[PDB]
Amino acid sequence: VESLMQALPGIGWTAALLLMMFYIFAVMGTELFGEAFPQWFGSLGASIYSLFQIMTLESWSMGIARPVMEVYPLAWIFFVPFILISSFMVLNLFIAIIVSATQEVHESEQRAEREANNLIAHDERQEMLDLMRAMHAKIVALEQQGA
């Protein structure tokens, strides 16, 4: 549809800021956590991939977030904002698609309602004219009866 196309620039804005959310937390994770957890945060590539695993729910079983929380108790100030902001972006990707569809339906229902009323207005006036003409004929008839 050419109303989904309407919503694509905003989708890229969300998708763009989503990958930027990974990079800023990937750098952050490397400094905070890389020395104690080289396998998970020892580098930017290692951090970006550890963050990816957390978001794709391959971290319930081998839950990277939790052993880091053990060694560093305040580590939730890192993880909780990450999981929240990156879930909220993924949410907005679907919302933008949902809103695009429901907006197109809503606009279509409103043209339906205007021409629905514009039809009723047409028909009510047209049937008044029809009643006018028959009535004006009767007047002219009664007028010839006087002549």
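Numbering starts at 1 and follows the sequence shown.
Mean C-alpha temperature factor, higher of 103 to 111 and 59 to 67: Of 59 to 67 and 103 to 111, the stretch with the higher C-alpha B-factor average is 59 to 67.
Member of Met89, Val80, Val27, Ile120 with the greatest C-alpha B factor (per the PDB record): Highest CA B-factor of the listed options: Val80.
Ranked against its chain, the third holding the CA B-factor of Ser47: For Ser47, the deposited C-alpha B-factor lands in the lowest third.
Third of the chain's Cα B-factor distribution that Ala141 belongs to, per the entry: Middle third.
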